[PDB]
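Here is what each chain is made of, one letter per residue.
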2 protein chains.
Amino acid sequence: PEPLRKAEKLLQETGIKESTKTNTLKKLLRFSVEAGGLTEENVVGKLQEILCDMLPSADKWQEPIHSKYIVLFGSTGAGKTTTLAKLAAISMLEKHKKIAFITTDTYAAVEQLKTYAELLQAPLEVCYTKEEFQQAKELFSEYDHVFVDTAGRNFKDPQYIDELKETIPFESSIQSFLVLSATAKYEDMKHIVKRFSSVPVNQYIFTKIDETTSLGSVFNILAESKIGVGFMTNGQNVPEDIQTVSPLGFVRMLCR
Amino acid sequence: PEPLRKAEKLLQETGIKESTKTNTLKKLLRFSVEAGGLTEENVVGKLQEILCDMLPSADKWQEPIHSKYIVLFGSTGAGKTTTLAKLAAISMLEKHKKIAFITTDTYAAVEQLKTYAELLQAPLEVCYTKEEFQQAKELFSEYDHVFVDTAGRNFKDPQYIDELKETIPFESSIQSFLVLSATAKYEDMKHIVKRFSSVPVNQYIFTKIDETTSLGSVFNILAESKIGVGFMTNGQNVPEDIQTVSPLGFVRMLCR
Ligand SMILES: Nc1nc2c(ncn2[C@@H]2O[C@H](COP(=O)(O)OP(=O)(O)OP(=O)(O)O)[C@@H](O)[C@H]2O)c(=O)[nH]1
Ligand SMILES: Nc1nc2c(ncn2[C@@H]2O[C@H](COP(=O)(O)OP(=O)(O)OP(=O)(O)O)[C@@H](O)[C@H]2O)c(=O)[nH]1
Ligand SMILES: [Mg+2]
Ligand SMILES: [Mg+2]
């Protein structure tokens, strides 16, 4: 119909959940109806404003590196290590702070980070038991930020999730990022998000936004949980390919 | 209605493309109609038989390791290396043949395979230019199978795909497997499959079937290309977690 047809088109292109498309149009029609006729001028404004109103508050998409400990975990291959290396590098040139590493990736899959840690002249401590990961903290009792890379598996198995909670206890001075790949399938993230309810993820980290066709799926998830994204990884180059997004921002990215 | 309602239910559970569900039911109704009333006995037989008839011929899901050269490539993080290590190991205990390695993963991301290659007492040759990868072949001019791991990127960039075709020329004695993650999104695989048309993939390799909720998406792809799957990777343990599937098999796995 009116600017409502301009919206439907735009919205349909996003991988967004079929229902959501519907609702959002209704919310527009309603504004149109009980506010003041929608003009083909600010449709894309209410549209983005609405979709925006579904995602967590914009104040939950910031909290950049702050705690002495940064912990990344989640999905195999998504980019926990590569991303961690970026963040560290970032806060070493965009903050000059003291970088420190701790890898929990006990189970070959660990020489990657030692060399990187080396290229930046930063110490890394490999830790097997919750005990070891504790001794390692005191060592950096006088360090700025300590990036903790963790081994990745199929958190479907309840064993790997509690094991995660055993090695990395989660005290008051720790930032947890559940690193998921924008490449990921919606009904798949739906479950893993759930399996991680028992653990305190402060923020998400959607990677490979440069590989997935649509960013629909990722909105679908976000639009049903309380924490926003802290960074979005869009490439392999380190440390250039990382970025931070805001609800409006992410949404603008979503509308293609 | 008749056993047609028993089918619809079953089919709807698979992540299979919405259209396909429809068509398949029609094909059933038709059998029902012009063949001999469908009984709630062989519905799941025609059902699997039909879905089966959409996927490539069953003779295109076999061709196990045969050529002197095995090349795996595709999607970042999907499991090219981990899988390659499995295959080699396999053909060393399930065939005693001579294992050989060549890594094209020039651009840290390479010490993983040297140690593994070491644990099996097998030689690996790292190769930068098409020239180097050629010198390496002659070295194993007297070797059984040579597994070639390749670096992974965003084959969206046309640069990485032709570069793949430059280092690994693709002569008559080579087996190419496009390693995709069952974890992957359908419209995403749709494109990468395309970007790889210029290169000769003999077989697919869907990994992480143990991580994705549905296997719908993966059928969706297969049901629109000419080559079947050669192995399916369902875990991290090496070399236990690999398997081979057949259309009927894969389909039976699909119906949950
Ligand atoms: N296209 C693209 N590739 C990425 C991105 N982030 C990481 N990668 C690549 O994905 C692959 C795996 O990255 P890793 O960082 O090793 O993945 P991980 O989560 O630590 O992997 P595990 O330790 O096995 O759980 C590498 O080839 C990375 O360079 C991204 O934003 N975009
Ligand atoms: N759950 C599960 N994890 C797997 C499977 N195959 C591989 N992985 C894990 O996924 C991660 C990445 O595997 P890799 O083999 O390094 O991936 P890759 O394709 O060589 O990665 P790049 O070289 O970065 O392109 C590792 O943690 C693997 O152990 C699988 O079938 N299931
Ligand atoms: Mg890692
Ligand atoms: Mg690899």
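Residues numbered from 1 in each chain as written, not as in the entry; some residues may be left out. Chains lettered and ligands numbered in written order. Heavy atoms only, no water.

So, on to helix 3 (residues 43-54) of chain B. Three or four residues apart is the spacing at which side chains of an α-helix point the same way, because the helix has 3.6 residues per turn. With 12 residues, helix 3 of chain B extends 17 Å between its outermost C-alpha atoms, agreeing within 8% with the 16 Å of an ideal straight helix rising 1.5 Å per residue. Where helix 3 of chain B is buried, its residues meet helix 1 (3-12), helix 2 (18-35), helix 9 (216-222) and helix 10 (247-254) of chain B. (Helix = DSSP H or I, 4+ residues; strand = E, 2+ residues; numbered from the N terminus. Expected span 1.5 Å × (residues − 1). Contact = heavy atoms within 4.5 Å.)

All names here are of chain B. Reading across from one edge, 3-2-4-1-5-6-7-8 is the order of the eight strands in this open sheet, with mixed pairing throughout. Only two strands of the sheet have a single partner each, and these edge strands are strand 3 (124-126) and strand 8 (242-243). Examined bridge by bridge, strand 2 (residues 99-103) and strand 4 (residues 145-149) share five bridges and lie parallel to one another. When the bridges of strand 4 are listed, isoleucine 102 appears paired with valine 148. On the sheet, helix 4 (residues 80-93) packs against strand 1 (69-73), strand 2, strand 4, strand 5 (175-181), strand 6 (203-207), strand 7 (229-233) and strand 8 and is oriented at approximately 170 degrees with respect to strand 4. (Pairing = 2+ DSSP bridges. Axes fitted to C-alpha atoms, helices over the stretch in contact; angles between N-to-C directions.)

Across a regular strand the side chains alternate sides, sitting on one face of the sheet and then on the other. Residue and element names in this part refer to chain B. Burial runs high along strand 1: five of the five residues are buried. Strand direction decides the pairing type here: strand 1 and strand 4, joined by four bridges, are parallel. Paired with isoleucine 70 across the strands is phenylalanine 147, a residue of strand 4. Bridge analysis of strand 1 against strand 5 gives four bridges, and the strand direction is parallel. (Buried < 20%, exposed > 50% of the residue type's maximum accessible area, 1.4 Å probe, protein only.)

The subject of this paragraph is the domain arrangement of chain A. Residues and elements named next belong to chain A. If you check the domain split of chain A, you get domain 1 (1-61 + 245-256) and domain 2 (62-244). Computed over C-alpha atoms, the centres of domain 1 and domain 2 are 31 Å apart. With 17 residues of domain 1 at the interface, the matching set in domain 2 holds 24 residues. For the domain 1 and domain 2 pair, buried surface summed over both sides reaches about 1700 Å², with 67% attributable to carbon and sulfur atoms. (Domains from an automatic or database assignment. Buried area = accessible area lost by both parts, 1.4 Å probe.)

The environment of ligand 2 is formed by 20 residues, the closest being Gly79(B), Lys80(B), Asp210(B), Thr233(B) and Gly235(B). The environment of ligand 2 is shared, with nearby residues belonging to chains A and B. The separation between an oxygen atom of ligand 2 and a polar main-chain atom of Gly235(B) is 2.9 Å. Here an oxygen atom of ligand 2 and a side-chain polar atom of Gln236(B) are 3.2 Å apart. When isolated, ligand 2 has an accessible area of 660 Å², and the protein chains bury 83% of it. The biggest single contributor to the shell around ligand 2 is helix 4 of chain B, with three residues. When its residues are assigned to classes, the shell around ligand 2 shows two nonpolar, 13 polar and five charged. (Near = heavy atom within 4 Å. Polar contact = N/O pair within 3.5 Å; in protein donor to acceptor, adjacent residues only side chain to side chain. Areas by Shrake-Rupley, 256 points an atom, 1.4 Å probe, with all protein chains shown as cover. Nonpolar A, V, L, I, M, F, W, Y, C, P; charged D, E, K, R; others polar.)

All names here are of chain A. If you check which residues of helix 5 (residues 111-119) are buried, you get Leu113, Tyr116 and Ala117. An end-on view of helix 5 places all buried positions within 100 degrees of arc, on one side of the element. Set apart from the buried face of helix 5 by more than 90 degrees, the exposed residues are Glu111, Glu118 and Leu119. Downstream of helix 5 by a residue or two, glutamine 121 has a phi angle that is positive, lying close to 55 degrees. (Arc of directions from axis to C-beta.)

Taken residue by residue, the interface counts 22 residues in chain A and 22 residues in chain B. Roughly 2000 Å² is buried in total at the junction of chain A and chain B, and carbon and sulfur atoms are behind 33% of that figure. At the boundary of chain A and chain B, one finds zero salt bridges. Viewed at the interface, chain B and chain A are joined by 22 residue pairs in polar contact. Ranked by residue count, the leading element in the side of chain A that touches chain B is helix 8 (residues 186-195) of chain A, at three residues. Counted by class, the side of chain A that touches chain B contains three nonpolar, 11 polar and eight charged residues. (Salt bridge = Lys/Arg side-chain N within 4 Å of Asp/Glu carboxyl O.)

For the rest of this paragraph, the subject is the pattern of salt bridges. All names here are of chain A. Counting across every chain of the model gives 12 salt bridges over all chains. A salt bridge links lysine 190 to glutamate 224, with the shortest nitrogen-to-oxygen separation between them at 3.4 Å. One end of the pair, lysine 190, is in helix 8; the other, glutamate 224, is in the loop between helix 9 (216-222) and strand 7 (229-233), with 34 residues separating them in the sequence. Here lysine 190 falls in the partly exposed class, since its relative accessible area comes to 27%.

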